[PDB]
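S.K.: Quick one: this structure, given as structure tokens, is what I'll be asking you about.
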Amino acid sequence: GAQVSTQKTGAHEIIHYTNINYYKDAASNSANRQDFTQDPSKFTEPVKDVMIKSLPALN
Amino acid sequence: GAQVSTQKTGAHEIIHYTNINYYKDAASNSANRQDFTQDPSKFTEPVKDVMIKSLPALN
Amino acid sequence: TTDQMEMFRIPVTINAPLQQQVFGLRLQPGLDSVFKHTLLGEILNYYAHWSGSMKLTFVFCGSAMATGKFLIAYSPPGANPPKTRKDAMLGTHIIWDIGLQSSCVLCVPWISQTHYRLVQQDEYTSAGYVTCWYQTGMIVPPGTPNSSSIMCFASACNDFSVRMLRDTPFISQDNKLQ
Amino acid sequence: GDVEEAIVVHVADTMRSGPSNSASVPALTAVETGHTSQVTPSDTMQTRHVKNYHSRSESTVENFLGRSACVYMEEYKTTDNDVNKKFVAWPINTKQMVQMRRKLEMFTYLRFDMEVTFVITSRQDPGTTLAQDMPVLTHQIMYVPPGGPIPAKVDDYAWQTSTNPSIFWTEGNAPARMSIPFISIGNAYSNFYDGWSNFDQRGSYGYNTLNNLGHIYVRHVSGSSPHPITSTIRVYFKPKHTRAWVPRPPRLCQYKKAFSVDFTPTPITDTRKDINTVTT
Amino acid sequence: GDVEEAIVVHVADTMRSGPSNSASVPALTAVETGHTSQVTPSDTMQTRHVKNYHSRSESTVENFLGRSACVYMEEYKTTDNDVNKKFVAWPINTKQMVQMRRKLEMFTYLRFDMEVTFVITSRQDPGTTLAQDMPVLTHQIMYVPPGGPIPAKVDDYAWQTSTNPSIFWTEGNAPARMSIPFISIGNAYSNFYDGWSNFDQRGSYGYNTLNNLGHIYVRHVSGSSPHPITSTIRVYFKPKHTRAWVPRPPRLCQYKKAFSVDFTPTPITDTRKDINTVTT
Amino acid sequence: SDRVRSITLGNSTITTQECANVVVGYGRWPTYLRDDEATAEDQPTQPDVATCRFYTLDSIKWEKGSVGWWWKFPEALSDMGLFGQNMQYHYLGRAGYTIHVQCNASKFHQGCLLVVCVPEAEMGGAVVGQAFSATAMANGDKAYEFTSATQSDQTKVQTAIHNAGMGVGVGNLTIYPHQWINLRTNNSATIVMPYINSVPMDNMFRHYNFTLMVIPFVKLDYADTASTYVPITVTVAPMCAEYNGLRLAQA
Amino acid sequence: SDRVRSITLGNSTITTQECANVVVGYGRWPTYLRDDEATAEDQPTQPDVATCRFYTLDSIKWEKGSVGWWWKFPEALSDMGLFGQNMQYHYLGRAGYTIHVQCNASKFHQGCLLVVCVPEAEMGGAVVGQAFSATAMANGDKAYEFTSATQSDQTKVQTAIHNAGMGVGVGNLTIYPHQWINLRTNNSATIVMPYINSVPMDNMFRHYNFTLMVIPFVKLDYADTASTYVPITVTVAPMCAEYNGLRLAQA
Ligand SMILES: CN1CCN(Cc2ccc(NCc3cccc(F)c3)cc2)CC1
Ligand SMILES: CN1CCN(Cc2ccc(NCc3cccc(F)c3)cc2)CC1
Ligand SMILES: CCCCCCCCCCCCCC(=O)O
Ligand SMILES: CCCCCCCCCCCCCC(=O)O
């Protein structure tokens, strides 16, 4: 049950915390604010044919 | 997570305590007042050429 | 501006002095009225600190037979904004040539003394100015309109970031909604 | 092993760039394609190598929406002649408070758990005779899913909750708190609904059609002082485990109705002396 | 292994020394070099061997600055005719209280986390009629980063914090407490700033230019008694994880302004009868 | 496509969409001075991005009656950015250059320009015998105009276009590095000039390294149209610049 | 012998025959900015020998009644050589410095001077409350004089020597890097100051990095003799200077 993970800290400058769940419902758990994955392609590059930045946009 | 370390005590006269972190931010941890490293050279000996105490300061 | 949609168009004419200014603005994405209500300004207004570079994209919406060259320059913070193209070109700038490709991108670099800047910018954390000038002028053949327009697009680079969430000041209420 | 070590992502670095002279033209593009240019400062000017340690941790949707916000407040008296004034009855909705409304309306569909906190305070009403001694008060919060019985007075039989969840709270302690799961019949909450209720395109129009979350009722358990006492309740919502889809532009006009998008036209932005003015 | 045994430094000992007669002259030096002599008593006189167990643990900067200190206090009434007198608005700064100001100003640059504690007390204002019964009071502490909306009255809409952090506290419990990280745009806090705001050497001068930490607001949640009640708040700061650079001499003259170094000339020290007087 | 070119020097960039290729001097790219060819003893200074960047000169109007213009370098850039300061504060200098001239017009215009860099373009006075001050051929970034007729004023250079002020056939200037700006198919010309001189370095205030000339060989023509003139702009950028001999400023 | 020192920067050299050793800031030698600590994106410019060289400031007279002087940097060098030009034309700057102060007198003179560099030497106004323009503490290379009595004019800084204009004991300035010029055994003091600031770089016109102070702690004295005063001269040299953010000039 013990769940150890690193905590937020600074850059190039122990950092671990323990967590345990006490309730039988997943909705009772604390916020999972440790995820930092992102991908802006869905909104920035929605075109069908791949476009190379160096090459001209058209022709 | 358990973190065991000695506690302050006297000289030539168990001394361990346990600590656990409960929060996901390093700023929430307790003060780290167990560091005792020091070096007064930066302010007491800022000269370029090393000076020997026994030898004369000049010539 | 009697017509609101006019706010999005930058006028351009055929016969102008050799060196003339097209537009000028302050680079305060979260405070200047120009960038206040843009898709980037709205996001910034929910935070207090920001950092990173910005992209300004200009698109020419004239006739296909029209041609011209423009100088777009970014001037880092200083005691005085540029007044002439001679002063303007000393800073970061790009020469834009209008052809088959109708769009050009000016990448404003991140030049600052601090790692972050306040959204509620002040003299200490000023960011500079951006200006555009005629490089050669616009030339048109017979049977075309004598005026054209340009539009500007603003966005953030891949190194942009924000910090210190806060409540936006653009929305307020006086009584409970019903 | 009784411990599992579950146990980040910085912005892109800037690479060094030198003088260039070639046929490649990264600066030139075409916005007509609907494609946002991916150029970087390294393509337009000489740059030094810089290692960035900045992170976008605070810009995630989880953190952006992970703050408790007030959504409703109402007052109810311990004793009064009007029966309707001694308890509260609120149809649950998130369109009452402007700040949280605007924060939520930046996305079309949402799916999250909820954390609800109640803050209750009391004060003695002004009057000639205020000298009295009253023990600590107690309050009851009742949640009635749609279709259940609704109390019509403070001492109604419906307050004997047998299946409806309820909370009993005493003044002087910590504020009440509780969690609630994702309780939508659909696969996600919808902030906007462009459609009607009836199949012939008639009736209610808008998101009001999809609001079937229930009601909340509050009363003084048995407190009835010789002199009136007024209490106020504040409800705070805090999304958890959030997910969002289809972002939409933030609103520009001021809100005017709690169950409609009605508005008044507003200027795009403020004005300045001329297109060249740059001074304060 | 579910336990990690992270698991000191005494002053230098005195070594034994005997009679000496040689060309070495440790006692003689030259301060013109800016070098502080490193001689020890063992070089000038005969000494016995002594083992020292004294440690400098209590002189570290972490312990020196690791004490909570008052930085501000203000009074606000639950009910009054003047709107501005029913709530507090404080621009955050550490130059208000002399003791903490002097303690901090011994270093030029600092970098630390902060621990903030709030102490709130209430008292009934004097008056003819004091007979009343009032339930326990509740208070709200609101923090507004720079540029955010500022409330203009006790019952303003801005008090519905949706992103601004806030604390709700009830009288009779433990004092509120909270932590805050290092929130400077620069790499370290600067106690002194010898420079101007404008690029032409004009405008504000001093550390005032770099104070952009925000504001703190406090009010009674809904308490409004028939008779006035006054409350006082005290703010305590406690640096954590401290680091300091460039020490500077402690101040000698009394402080006179909260945002300036202005002072009045002061004598170097006290006087005595003559250069030879040694008695009381 | 090979009709698009992009050049990036320092903190400035030039983009052209209709352009011929780039002419590189005499086939030699600009470069720093070698150790086996230097003569000065002290360490040089190589301001890099600070000085190696594009500078826009004033623009000129191309009319139906224009005859041509010339500029002399580096006197033209003598008072531009930090390049001018380095010129003022140093005794010796050395740098290549990149010249970009721009002229755009619609598809209904016609005309042809010759762009050429003439090294050591010594010029003769209007009156054979008399002499002129250093103002009739160089006064900063301003452009000097040729003349259709024979010059008569004794205080200025002989501006006869067909002789080019050098006593040579104007049509033989093709021998020097050059390009043509033909409005049919071209909008700009790019020339890269390496440092050409008889000595490793030289005083930049006393000696004119080379002269830039723009000559309309097919006069501009158009019909109807609201456009009355075609502006011409010149942009220059020093390359691999280095200086030596710090004295007091003031040239 | 260790009493002789020689320093060579750029095209200038300093030779002293009677001198103590050299104090190096806080034990850190000046150095260029690392790649993992920079924040600006564009390439910096590193004028080297052009700017890293010794500059002589105006000289001052040391009388029997002198009280002291101070200078503020880099405003003092703001209008010196190419260093001033680079300061004017750039938005950000960064550089260490080497300070050499010179005072020579015969063996029959007596006196002692304290030479100290005070980083972030914020000063208070003469009248508590009022403010002053940026002229009562810095007007170029000119030296500003302390006062024995309490200052009274509201337009200038409080010049009380025993407080040093900072509200601190004058005798406690020993904490900062410093040296003593004792006429018995010394003629000059040398201090090397690394770049000290809370940010990697900064505007050199808006912020005073540090202040140089010279304070006579033992007043000058002599007898008979035809020499009426002892001149004092200050020489400074930037080290590892680099700039960034080319804008228009004019500060
Ligand atoms: C029309 N939809 C209604 C839901 N709205 C989002 C929403 C807001 C609040 C809630 N609260 C659910 C809840 C949570 C806890 C206790 C309750 F009584 C009710 C659910 C959904 C978006 C628009
Ligand atoms: C001009 N600087 C301002 C900062 N000052 C040091 C300092 C003092 C207090 C704080 N408090 C930060 C803080 C911490 C917690 C809550 C807040 F609202 C604000 C920060 C820095 C040195 C001089
Ligand atoms: C309802 C759960 C109460 C848990 C009380 C604290 C934990 C006691 C057991 C020590 C931790 C080990 C837990 C585990 O085996 O995962
Ligand atoms: C949020 C953390 C709550 C921790 C509760 C007390 C500790 C229970 C587990 C026993 C200690 C083992 C911890 C560990 O594995 O590191």
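Just so we're on the same page: first chain in the structure tokens is A, next is B, and so on; residues restart at 1 for each chain, and ligands are numbered from 1 in the order they show up.
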Throw together the list of residues within 9 Å of ligand 1, counting only C-alpha atoms and all ligand atoms, and drop it here as a PyMOL selection string.
M.R.: chain D and resi 91-95+104-105+109-116+143-145+178-184+189-193+206-216+237+239
S.K.: All residues within 12 Å of ligand 3 are required, counting only C-alpha atoms and all ligand atoms; please report them as a PyMOL selection string.
M.R.: (chain A and resi 1-4+18-24) or (chain B and resi 1-2) or (chain D and resi 1-5) or (chain E and resi 2)
S.K.: Could you pull the residues within 6 Å of residue 114 of chain C, counting only C-alpha atoms, minus those fewer than 2 positions along the same chain, as a VMD selection string?
M.R.: (chain C and resid 112 116) or (chain E and resid 186)
S.K.: Just N, CA and C atoms for this one: save the residues we selected as an mmCIF file, in the first residue's frame.
M.R.:
data_model
loop_
_atom_site.group_PDB
_atom_site.id
_atom_site.type_symbol
_atom_site.label_atom_id
_atom_site.label_comp_id
_atom_site.auth_asym_id
_atom_site.auth_seq_id
_atom_site.Cartn_x
_atom_site.Cartn_y
_atom_site.Cartn_z
ATOM 1 N N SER C 112 15.981 38.972 -21.813
ATOM 2 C CA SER C 112 15.587 39.566 -20.547
ATOM 3 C C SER C 112 16.675 39.316 -19.516
ATOM 4 N N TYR C 116 11.911 35.380 -15.616
ATOM 5 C CA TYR C 116 10.479 35.548 -15.794
ATOM 6 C C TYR C 116 10.139 37.028 -15.855
ATOM 7 N N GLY E 186 13.727 36.697 -10.117
ATOM 8 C CA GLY E 186 15.162 36.546 -10.181
ATOM 9 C C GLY E 186 15.630 35.283 -9.486
#
S.K.: Which polymer residues have any atom within 12 Å of an atom of segment 34-41 of chain E, counting only C-alpha atoms, with same-chain residues fewer than 5 positions away left out, as an MDAnalysis selection string?
M.R.: (chainID B and resid 40:57) or (chainID E and resid 12:17 25:29 46:49) or (chainID G and resid 20:26 114:116 173:182 189:191)
S.K.: Can you pull out the residues contacting segment 66-74 of chain D? Cut-off 6 Å, using only C-alpha atoms, and skip same-chain residues under 4 positions away; I want them as a list in words.
M.R.: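 Selected residues are residues 62, 97, 232, 233, 234, 235, 236, 237, 238 and 239 of chain D; 160, 161, 162 and 163 of chain E.
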S.K.: Please produce a file of the residues just selected, as an mmCIF file, in the first residue's frame, where the atoms kept are C-alpha atoms.
M.R.:
data_model
loop_
_atom_site.group_PDB
_atom_site.id
_atom_site.type_symbol
_atom_site.label_atom_id
_atom_site.label_comp_id
_atom_site.auth_asym_id
_atom_site.auth_seq_id
_atom_site.Cartn_x
_atom_site.Cartn_y
_atom_site.Cartn_z
ATOM 1 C CA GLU D 62 -5.626 19.306 -13.392
ATOM 2 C CA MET D 97 -20.895 32.354 -10.013
ATOM 3 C CA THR D 232 -25.304 31.706 5.822
ATOM 4 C CA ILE D 233 -23.979 28.717 3.876
ATOM 5 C CA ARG D 234 -21.302 28.787 1.178
ATOM 6 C CA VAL D 235 -20.732 25.883 -1.219
ATOM 7 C CA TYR D 236 -17.296 25.259 -2.738
ATOM 8 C CA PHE D 237 -16.559 22.892 -5.627
ATOM 9 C CA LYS D 238 -13.147 21.412 -6.430
ATOM 10 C CA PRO D 239 -12.800 19.161 -9.494
ATOM 11 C CA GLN E 160 -15.412 34.332 -4.302
ATOM 12 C CA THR E 161 -11.833 33.199 -4.927
ATOM 13 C CA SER E 162 -11.651 30.705 -7.779
ATOM 14 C CA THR E 163 -7.880 30.717 -8.384
#
S.K.: Considering only C-alpha atoms, extract the chain E residues located within 7 Å of chain C and return them as a short mmCIF file (atom, residue, chain, number, x, y, z; two decimals) with N, CA and C atoms, in the first residue's frame.
M.R.:
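File written: result18.cif
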data_model
loop_
_atom_site.label_atom_id
_atom_site.label_comp_id
_atom_site.auth_asym_id
_atom_site.auth_seq_id
_atom_site.Cartn_x
_atom_site.Cartn_y
_atom_site.Cartn_z
N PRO E 145 -2.05 37.65 -5.98
CA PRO E 145 -0.81 37.95 -6.71
C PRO E 145 -0.93 39.24 -7.48
N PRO E 146 0.18 39.85 -7.88
CA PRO E 146 0.11 41.16 -8.53
C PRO E 146 -0.71 41.10 -9.81
N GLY E 147 -1.49 42.16 -10.04
CA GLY E 147 -2.30 42.28 -11.23
C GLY E 147 -3.70 41.73 -11.13
N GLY E 148 -4.02 41.01 -10.06
CA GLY E 148 -5.35 40.46 -9.89
C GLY E 148 -6.33 41.50 -9.39
N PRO E 149 -7.61 41.16 -9.46
CA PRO E 149 -8.64 42.08 -8.96
C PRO E 149 -8.53 42.26 -7.45
N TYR E 157 -17.67 41.01 -4.93
CA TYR E 157 -17.66 39.75 -5.65
C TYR E 157 -16.29 39.09 -5.65
N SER E 162 -11.65 31.90 -6.96
CA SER E 162 -11.65 30.71 -7.78
C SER E 162 -10.25 30.21 -8.11
N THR E 163 -9.26 31.10 -8.13
CA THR E 163 -7.88 30.72 -8.38
C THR E 163 -6.97 31.24 -7.28
N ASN E 164 -7.34 32.37 -6.68
CA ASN E 164 -6.55 32.93 -5.60
C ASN E 164 -6.64 32.02 -4.38
N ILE E 185 11.13 36.28 -9.29
CA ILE E 185 11.42 36.18 -10.71
C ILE E 185 12.92 36.03 -10.94
N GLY E 186 13.73 36.70 -10.12
CA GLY E 186 15.16 36.55 -10.18
C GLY E 186 15.63 35.28 -9.49
N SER E 197 14.36 52.80 -11.71
CA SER E 197 13.35 52.06 -12.45
C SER E 197 13.43 52.33 -13.95
N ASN E 198 13.49 53.60 -14.35
CA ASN E 198 13.57 53.96 -15.75
C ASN E 198 15.00 53.81 -16.25
N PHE E 199 15.14 53.66 -17.57
CA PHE E 199 16.45 53.44 -18.17
C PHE E 199 17.28 54.72 -18.24
N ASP E 200 16.66 55.89 -18.09
CA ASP E 200 17.37 57.16 -18.08
C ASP E 200 17.71 57.63 -16.68
#
S.K.: Using only C-alpha atoms, determine which residues lie at most 12 Å from residue 66 of chain F, disregarding the query and same-chain residues fewer than 5 positions distant; provide the list as a PyMOL selection string.
M.R.: chain F and resi 60-61+111+113+144-148+161+214-221+229-232
S.K.: Within 12 Å of chain D, which residues of chain G are there when counting only C-alpha atoms? Please give them as a count of residues only.
M.R.: 15
S.K.: Select all residues from chain A having any atom no more than 9 Å from an atom of chain B (counting only C-alpha atoms, ignoring ligands), output as a PyMOL selection string.
M.R.: chain A and resi 2+4-10+14-19+34
S.K.: Can those selected residues be exported to a file as an mmCIF file, in the first residue's frame so that it contains C-alpha atoms?
M.R.:
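Okay, out-v3.cif is ready:
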data_model
loop_
_atom_site.group_PDB
_atom_site.id
_atom_site.type_symbol
_atom_site.label_atom_id
_atom_site.label_comp_id
_atom_site.auth_asym_id
_atom_site.auth_seq_id
_atom_site.Cartn_x
_atom_site.Cartn_y
_atom_site.Cartn_z
ATOM 1 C CA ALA A 2 2.776 2.340 0.859
ATOM 2 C CA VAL A 4 6.666 6.212 -2.498
ATOM 3 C CA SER A 5 7.350 8.816 -5.160
ATOM 4 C CA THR A 6 9.461 11.913 -5.679
ATOM 5 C CA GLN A 7 8.219 15.360 -4.866
ATOM 6 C CA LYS A 8 8.484 18.530 -6.847
ATOM 7 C CA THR A 9 11.688 20.397 -6.370
ATOM 8 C CA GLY A 10 14.220 22.581 -8.128
ATOM 9 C CA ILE A 14 15.357 12.912 0.427
ATOM 10 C CA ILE A 15 12.771 14.204 -1.951
ATOM 11 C CA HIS A 16 10.281 11.413 -1.491
ATOM 12 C CA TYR A 17 6.887 11.285 0.078
ATOM 13 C CA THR A 18 4.669 8.462 1.241
ATOM 14 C CA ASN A 19 1.014 8.023 0.455
ATOM 15 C CA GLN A 34 1.943 14.844 -11.066
#
